[PDB]
Amino acid sequence: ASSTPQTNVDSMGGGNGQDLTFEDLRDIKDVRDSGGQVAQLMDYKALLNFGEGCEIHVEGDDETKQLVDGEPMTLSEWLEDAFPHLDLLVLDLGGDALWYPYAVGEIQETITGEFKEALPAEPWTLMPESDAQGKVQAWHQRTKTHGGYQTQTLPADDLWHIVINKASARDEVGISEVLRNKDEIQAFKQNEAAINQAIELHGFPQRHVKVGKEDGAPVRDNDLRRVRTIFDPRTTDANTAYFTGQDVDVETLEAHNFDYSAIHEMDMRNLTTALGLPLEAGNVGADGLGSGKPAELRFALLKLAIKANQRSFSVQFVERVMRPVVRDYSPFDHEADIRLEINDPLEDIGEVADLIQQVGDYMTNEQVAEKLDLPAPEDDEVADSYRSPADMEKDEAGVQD
Amino acid sequence: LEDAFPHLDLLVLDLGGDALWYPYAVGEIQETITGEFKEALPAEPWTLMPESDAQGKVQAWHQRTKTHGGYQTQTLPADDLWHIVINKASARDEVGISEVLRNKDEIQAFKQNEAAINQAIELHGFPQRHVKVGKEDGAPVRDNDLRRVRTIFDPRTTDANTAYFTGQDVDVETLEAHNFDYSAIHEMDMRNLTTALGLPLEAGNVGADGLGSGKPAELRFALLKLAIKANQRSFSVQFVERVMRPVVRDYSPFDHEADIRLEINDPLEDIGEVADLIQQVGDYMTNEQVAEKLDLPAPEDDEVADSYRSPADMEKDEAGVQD
Amino acid sequence: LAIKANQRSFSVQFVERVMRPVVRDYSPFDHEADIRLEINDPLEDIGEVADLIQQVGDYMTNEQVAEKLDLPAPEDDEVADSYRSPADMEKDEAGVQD
Amino acid sequence: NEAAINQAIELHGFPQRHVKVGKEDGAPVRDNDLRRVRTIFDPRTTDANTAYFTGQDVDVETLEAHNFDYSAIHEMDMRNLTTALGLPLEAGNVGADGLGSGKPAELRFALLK
Amino acid sequence: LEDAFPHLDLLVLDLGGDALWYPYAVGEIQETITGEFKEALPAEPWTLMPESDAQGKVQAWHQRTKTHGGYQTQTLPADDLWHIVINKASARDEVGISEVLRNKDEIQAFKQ
């Protein structure tokens, strides 16, 4: 019983846009750009969520059939023609929406008339301006240039934006998973630097020549320079031998053992769990957890997290980029039941084949083709049948089975 | 209802998330500019608190939100709001419990021990060089003398294969990395936190011997599935009774007293285990019961849906011979 | 997944900005034709594919099988479009008491 | 027992630096003298690859983390509590050798049922 | 197309290699002495850098090559060249990223 929602939405208007500065956004880019282990992990997250590609469905697609280019298309054919490389676009935007608070972009046209593409924009360059009810009312852009920076503002009418990570419903601006975990990322990089410096100093033994008799005559720097010239590791070789009086000692600083492997495993456990990845993604493993119900739980959790991200992206991409394209550039109904779906990255087709052998007798040939990720049968009569199309072909004659 | 709540899977994960973190999930019912139902719209649960009558029923809702200055405050008549409580002290408890506040002491303990380990690794995880200068019971060495020694032995400019030449009265001692079992402290912390949050140990990237196998495995995963089932049923009943039914009264031509059920899927099903079951005892299940267990649409024709033998077997009996 | 992402990124781009210009400039065909380049998966197991074909070949056309199995499609479109094996169809030129 | 373990880990689970100053049987060092040494060796501002340069009359000793089997105390406590509440040991995220197998398993799960 | 690109398996490995190492693979389209298409001919990616317009599109190519003396410089209108980018910062990025330059610090750490 409300038109305007009567409940307020915690807008930090005293923070102009959101409390995200362009410097925070550009620091997300700094982490992404830098390479090394943390960037590679967040790339693995993007590839799991979005790298397996996509399929478009329309519920009741057949009834949409219309002469477009003087020839028949259903809305699924038209959308597949409109978004020809959607697998790349989904991986790009899905990547951006995991790193940054949002993926964002514009809708483009050919020089007159038709739709060109949904064109992304560099998310570190753009920040939204929100109304008192939390809706984005304008977009503010800052970009590097011939001087330092140039600034731009856009009416939020021909832009579109996708948020995966958000604080709650009502949150139309979202959260960077990187900024959220910045402290843990800093801890990882600091411990890595500490290990590299510790290996340099302590991972290798070092020669210590001591000269002169204890409680004897003192040895000065110019005296040690000549000894250094004799024992120089630069010009020593593996099978050098030394001849000395009694008052020269070749001591060694041993390589002082410390468990940097365990520190690395700990750092990687901290970082992977903070980024919501399984430990295994960091090239690190744990006992027992590779087996049985312990394995099944963590891989179930990973697939649930992926499913949640995929559905959140898919709904939003349809509702605020595909449907507007169907209004503006298309002869079809924009209220049609379009679904984008993004493939499960961790399917086993052998497990699916095992399932179809056990219970194919309860699935139509179209349901089988869908599970098996194949085109549906050519004739609807066989598509809708429960027994195999090969069995129905075998029943064109056949005998003594 | 499927047309009214098109993205219910997202709404269930949002509200179910909120109702586990906070004492309640809470929101309002919205309409299009004239007439029809828009959506059930959540509200930020940290911004809202209920006012209870003497019988514990929520009679009003009180909202505080950050604004252009500090905060603005609002009050709402609890008629067009709705709220779901998963965690509660008892029946009669209409306001519920935050599982986070309930366990705040254990969360603090976890974070403190984590910080203590990080600081201990920084100080004790790595060996440190200790150069001692001068002879024991000999001439004293002052700070300005040690500055020159420091310049020679500086770890900043040292490299892996540096060698040192000295008189007898310079000693390059070392602080060893002093061994402590931070791994065991992490396993203990994680065991404490996961068990406090009612998750299995395995969720924390930590594992236990024997507990991964046999009846010891079966019990803990049964306990997890029972806890999930309890939460899911508690949420589902409540979502139907105080958001779906009100929508069916106010915006729908149907009877609101109809036997609606929301059900939420089991996250830890094995479809291979279900398929094994269907092979063993399919001969006692109707084709609709099989389609339900197997999570498929029911057969197109009620006559085959209600049959006990397979739809493929019935199709095969359109002719067929000498099997 | 990383290989698939690189391969698709290269393939799309190679078609769009070197193959299509060649089809405009030096070819009697339509450059707007639905060309795809695809790059083979380096880590296929043909035994795993053969296992799949044994389990669910009864739901695949002979062309779909030939595609998965990385073979030329059958010579006759009628058998290519059939679901049951080409050897099974040849065996039905006569054949009895199976 | 849980509170006792948490306090014991805090005090004894982590090694602690003990800097000793002055020569044994030599000149005494007073609090204001130790304040300046504390400023040099402060664990708050130290980092992993800090190095120290000293005269002979400064010793950087350590309180090693003194090993105690808190895991076995936890397993004992959990065995006590679960058995007192009539739950199997397995409910407490703790396990036992042999008891996960054969007739030994079958008995305890029969008792629970 | 199979007749036009007879050794595409080698071209794909060469360009795909270049586009992983360098920010781009890059090359030209070549013809027979009169009429027909010869080949898509690669170019040495370390010798070429693009010039981008205000909208980030490559508007010209700039080439520096070793010669009889030191170096000679060349510039090309970006109309008959073509270029493939695998690694890029985002969409709009038409110049790409070298995975080697990106990881130079980690490579130096390995070698040291």
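Letters A, B, C, D and E name the chains as they come in the text, with residue numbers starting at 1 for each one.
Definition applied: a contact is a pair of C-beta atoms (placed from the backbone, for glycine too) under 8 Å apart; a residue touches a chain by one contact, two chains touch by 3 or more.
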Exercise. Chains in contact with chain B and with chain C: which ones?
Worked result: A
For this session: Return the chain pair with more inter-chain C-beta contacts, choosing between A-D and A-B.
Result: A-B
Problem set entry | Rounded Å distance, chain A centre to chain B centre (Cα mean) | 20
Exercise. With chain centres defined as C-alpha means, what is the inter-centre distance between chain B and chain D in Å?
Worked result: 30
For this session: Could you tell me the distance, in whole angstrom, between the mean C-alpha positions of chain B and chain E?
Result: 47
Exercise. Rounded to the nearest whole Å, what is the centre-to-centre distance of chain C and chain E, using the mean of the C-alpha atoms as each centre?
Worked result: 31
Seminar exercise, completed: Listed in rising order, chain E residues that touch 2 or more other chains are none
For this session: Give every touching pair of chains, nothing left out.
Result: A-B, A-C, A-D, A-E, B-D, C-E
Seminar exercise, completed: Residue set of chain E touching chain C in the complex reads 1, 4-5, 8, 12, 15-16, 19-20, 27, 29, 31, 36-37, 40, 82-86
For this session: Can you check the complex and tell me which residues of chain D touch chain B?
Result: 6, 9-10, 13-15, 17, 43, 46-56, 58, 60, 62, 64-65, 67, 70-71, 74, 88, 90-97, 100-101, 105, 108-109
For this session: Spell out the residues on chain C that touch chain E in their complex, using ranges where they run on.
Result: 6, 9-10, 13-14, 17-19, 21-23, 25-27, 35, 37, 39
Problem set entry | In the complex, chain A residues that touch chain B | 1-3, 5-14, 167-170, 187, 191, 194-195, 197-204, 206-214, 216, 218-219, 224, 227-228, 231-233, 253, 256-259, 262-263, 266, 269, 272-273, 278-279, 286-289, 291-294, 296-298, 300-301, 304, 308, 311-312, 315, 351, 354-355, 358-363, 367, 384-387, 391, 395, 399-401
Exercise. Can you name the residues of chain A that touch chain E in the complex?
Worked result: 29, 33-36, 92, 96, 105, 119-123, 196
